[PDB]
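Reading through the structure tokens given below for one structure.
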Amino acid sequence: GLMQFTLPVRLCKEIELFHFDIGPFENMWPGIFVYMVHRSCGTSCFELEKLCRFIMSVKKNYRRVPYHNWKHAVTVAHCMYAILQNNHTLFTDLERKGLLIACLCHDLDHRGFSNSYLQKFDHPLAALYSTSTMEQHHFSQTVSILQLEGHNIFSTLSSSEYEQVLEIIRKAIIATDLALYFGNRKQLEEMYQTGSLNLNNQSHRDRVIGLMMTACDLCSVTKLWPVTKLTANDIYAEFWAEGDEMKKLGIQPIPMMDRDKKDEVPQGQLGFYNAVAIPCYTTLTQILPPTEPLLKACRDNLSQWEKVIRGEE
Ligand SMILES: COc1cccc(NC(=O)Nc2ccc3nc(C)c(C)nc3c2)c1
Ligand SMILES: [Mg+2]
Ligand SMILES: [Zn+2]
């Protein structure tokens, strides 16, 4: 196990920054992920034979959709890497192990549809899981892959440490349900502003890990404008697809998902920066000061969307 992964100089440098884009070379993304684990965790955390076999089974069970794809998984894992590297001593060995795997797995077997469209379609998964429908499925898919012959990357953990990591991964994945983020951020807001926030309180850590997961999940709004803008097309390609499918069930969908209402996208993006993205990275910056560069980048991209509306581009 004296085999390190190395990246070219430019990647080796930019991968440490929050705004890093992992590039269009699909075949470099596994090595980028392993590189991040080795540096975040240790070269010993995982048996490389098993990690590599886990990664490629995880890749396979992500679909060919415009946004909720294998690129998203690795992109979300890189944001978590940057958060963990910039907050060295606040996280247990198990939490670093668990959260990078949770980020890679967080959207397993996503089809490009919201929990809402599964409910109105009456998809079988909506009957199996009444809330956080896709997220419970994503955690299901994660456990399934972990139990394949030769895929159990945690094998060398004790029974209770193994229970702790699957529990970290379950809550981390469930927290990527944006419906739950509002209450979670509201509670974290009050806890930090009445001084009751306490990182030795497990139920507090849980909330703070959940906010990190939302932050990593939304990290496209924290990239340089050209990456943010080009990722928005992919996000809206899924939204408009779901809108089309709503119209096939005989329901006018929200404007956000109606491809006849593209003109409304810039204003809809302001709503999302102001209601979701800026509050998210604000509370995270208050709790984890060194994640400020995510808040600053998000503010720069809000400004870029205001300029789009003003016709300046
Ligand atoms: C009540 O129903 C609500 C309320 C608040 C938010 C939501 N959900 C909601 O708006 N989802 C969006 C929209 C635009 C987005 N734009 C970008 C670039 C990214 C990364 N994520 C987005 C997520 C639903
Ligand atoms: Mg998701
Ligand atoms: Zn996601």
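If only the Cβ of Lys and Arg carry +1 and only the Cβ of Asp and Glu carry -1, the dipole of the chain around its Cα centre is close to 280 debye. When both region 115-163 and region 191-208 are represented by their alpha-carbon centers, they are found 27 Å apart. Packing around the peptides 132-141, 260-269, taken as the average count of other Cβ atoms within 10 Å per residue, puts them in this order, highest first: 132-141, 260-269. Partners of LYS50 within straight-line reach, counting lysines whose Cα lies under 26 Å from its Cα and excluding those fewer than 8 residues away in the same chain: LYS59, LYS60, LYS71, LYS97, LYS171.
The alpha carbons of region 27-158 stretch over 45, 33, 31 Å along the principal axes, in descending order. Unpartnered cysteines of the chain (Cβ-Cβ under 4.7 Å counts as a partner)? When partners are defined as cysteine Cβ atoms under 4.7 Å apart, the chain leaves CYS12, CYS52, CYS103, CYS105, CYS280, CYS298 without one. Across all Cα pairs in region 24-93, the calculated P(r) in 5 Å bins from zero up to the longest distance comes to 3, 14, 25, 24, 19, 10, 4, 0 percent per bin. Backbone geometry of region 297-309 corresponds, through the Karplus equation with coefficients 6.51, -1.76 and 1.60 at θ = phi - 60°, to 3J(HN,Hα) couplings of 4, 4, 5, 4, 6, 4, 4, 4, 5, 4, 4, 4, 4 Hz, x marking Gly and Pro.
Short-range pairs are left out: with C-alpha atoms under 8 Å and at least six residues apart, the relative contact order of the chain is 19 percent.
Would you mind checking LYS120/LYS229; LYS223/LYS262; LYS13/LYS296 for any pair whose Cα atoms are more than 28 angstrom apart? As for pairs spanning more than 28 Å Cα to Cα, those are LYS120/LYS229.
Charge tally around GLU95: other residues with Cβ under 12 Å, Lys/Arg +1 each, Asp/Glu -1 each, net 0.
Direction-averaged projected area, Cα convex hull, region 9-64: 4.6 nm², rounded to one decimal.
One quarter of the convex hull surface built on the alpha carbon atoms of region 66-124 amounts to 5.2 nm², the projected area averaged over directions.
For the chain, the spherically averaged projection of the C-alpha convex hull amounts to 17.0 nm².
For region 158-313, the pair-distance distribution built from all alpha carbon pairs, in bins 5 Å wide starting at 0, is 2, 8, 15, 17, 17, 14, 11, 8, 5, 2, 1, 0 percent. For a straight C-alpha distance cut-off of 17 angstrom, the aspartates and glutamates reachable from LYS307 (same-chain residues fewer than eight places away being disregarded) are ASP263, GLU264.
Each reported figure results from applying straightforward, stated rules to the coordinates on display, with no laboratory input. A quick note on method: Cβ atoms are made from the backbone with ideal geometry, for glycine too, and the neighbour counts reach across all protein chains shown.
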